[PDB]
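For the sequence shown, the entry's author numbering begins at 1 and goes up steadily by one. Here is the structure we will look at.
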Amino acid sequence: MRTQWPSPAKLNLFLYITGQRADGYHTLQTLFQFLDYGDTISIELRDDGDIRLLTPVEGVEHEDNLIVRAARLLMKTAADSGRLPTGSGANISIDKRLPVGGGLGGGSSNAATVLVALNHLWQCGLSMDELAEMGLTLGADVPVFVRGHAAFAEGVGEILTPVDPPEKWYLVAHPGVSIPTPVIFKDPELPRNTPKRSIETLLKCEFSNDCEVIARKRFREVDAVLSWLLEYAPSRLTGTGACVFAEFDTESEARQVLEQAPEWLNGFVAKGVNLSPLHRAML
Ligand SMILES: Nc1ncnc2c1ncn2[C@@H]1O[C@H](COP(=O)(O)OP(=O)(O)O)[C@@H](O)[C@H]1O
Ligand SMILES: Nc1nc(=O)[nH]cc1C#CCNS(=O)(=O)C1CC1
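Below, the structure written as structure tokens:
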């Protein structure tokens, strides 16, 4: 049998850099929300103990792909504690709608979906905490997808507190530039002193993203898309770029603005979801 699993995107509704730990990573205060929209992963069970990503993802080698890395990490952890039935294997393909590397957390969502899926399919019996713990080794975006709820995240993004923001409609645009997350986070002028505030203070202050100023200042493609969308609705950067989103109260308004968007926006519309489509699909 073949099972299909959603791999939704995420938005950083806000994002503030509160410092940098010794290991190079930054401590932040951010708010994750999912989009009812993203990739679709299909898994066929194997009995020979192999893991095969059948559909290749452009620019990623098989063993470098987060799908495979999450699959082998799960395999190793389960076999190291006798939770992997003999011969556990899987064929994995992916219908990818999400851009590679745009701050939508696609790859990180792909890893979380594989972990939760294969954990159910192999009957490893691992817990949310264990899965989210393994996901952190793969990336700081991964835990939020593993736990499956919109959340106020701190630390490096793994300290998650479930919260239910309004499920606005979003026009999500991808500027035609690739922004390596290292470039933004290594920039000197990036704010790393934003004061740690309470959720209630953050929920009433104006939402912003501390990385937007650098991304805007260094990539005119990101500046172009931002200037265009801000004429219509509140628009901000998500993650470290390059993607940008604008908030709309209704689907018609959002889609109307997308009908007018020049093609260089590379934009789609999607409703926000406080419950991850993946976890919605596990009930
Ligand atoms: N299945 C995958 N899909 C997308 N990116 C992947 C995948 N596996 C590994 N990656 C890596 O992650 C990067 C893309 O980042 P991604 O998480 O998709 O966007 P962002 O994290 O900027 O929102 C690429 O450098 C690529 O090597
Ligand atoms: N804390 C970090 N320090 C770094 O040096 N690199 C990456 C970090 C992270 C994170 C969690 N995901 S995220 O979407 O909120 C943010 C990446 C935009």
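All C-beta atoms in this analysis are idealised placements derived from N, C-alpha and C, irrespective of residue type, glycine included.
Report the residue ranges of all alpha helix (DSSP H) runs contained in full by the region 117–166; include only those spanning at least 4 residues, in chain order. 128–138 and 142–147
What do you reckon, are the CB atoms on residue 114 and residue 41 nearer than 8 Å? yes
Between residue 238 and residue 157, is the Cβ-Cβ spacing less than 8 Å? no
With distances taken from CA atoms, which of 13, 6 and 84 is nearest residue 165? 13
CA-CA distance, residue 131 and residue 260? 42 Å
Is residue 179 helix, strand or coil by DSSP? coil
Roughly how many angstroms lie between the CA atoms of residue 193 and residue 160, to the nearest whole one? 21 Å
With DSSP as the reference, label residue 240 as helix, strand or coil. coil
Span separating the alpha-carbon of residue 235 from that of residue 80: 47 Å
Find out if the Cβ-Cβ distance for the pair residue 107, residue 51 is shorter than 8 Å. no
Unbroken alpha helix (DSSP H) run spanning residue 228, endpoints: 220–230
Would a C-beta distance cut-off of 8 Å place residue 35 and residue 170 closer than the cut-off? yes
Identify the continuous alpha helix (DSSP H) that holds residue 74 and give its terminal residues. 66–79
So is the beta-carbon of residue 102 under 7 Å away from any non-hydrogen atom of ligand 1? yes
Going by other Cβ atoms of all chains shown within 10 Å of its Cβ, with 16 needed for buried, is residue 284 buried or exposed? This structure cannot speak to residue 284, because the chain is shown only from 1 to 283.
Using only the alpha-carbon positions, how far apart do residue 233 and residue 61 sit? 39 Å
Quick check on residue 240: buried or exposed, where buried means 16 or more other Cβ atoms within 10 Å of its Cβ? buried
What are the start and end residues of the alpha helix (DSSP H) that includes residue 281? 277–282
If I'm right that residue 244 touches residue 175 with Cβ under 8 Å, what's the distance once you round it to whole angstroms? 7 Å
Just curious, the alpha helix (DSSP H) that residue 42 is in, first and last residue? Per DSSP, residue 42 belongs to no alpha helix (DSSP H); it is in the beta strand (DSSP E), 26–46.
Which residue or residues does DSSP assign as beta-bridge partners of residue 51? 90
Give the DSSP-derived three-state secondary structure of residue 260 in the structure shown. coil
So is the beta-carbon of residue 43 under 7 Å away from any non-hydrogen atom of ligand 1? no
Which residues does DSSP list as the beta-bridge partners of residue 17? 28
I'd like to know whether the C-beta atoms of residue 183 and residue 221 end up nearer to each other than 8 Å. no
Residue 76 versus residue 135: straight-line alpha-carbon distance, rounded: 13 Å
Thinking residue 54 and residue 92 are a contact (beta carbons under 8 Å), I'd like their distance in whole angstroms, please. 7 Å
Can you give me the start and stop residues for the beta strand (DSSP E) that residue 271 sits inside? 267–273
Cβ neighbour criterion (16 or more within 10 Å) applied to residue 273: buried
Where residue 251 falls: helix, strand or coil (DSSP): helix
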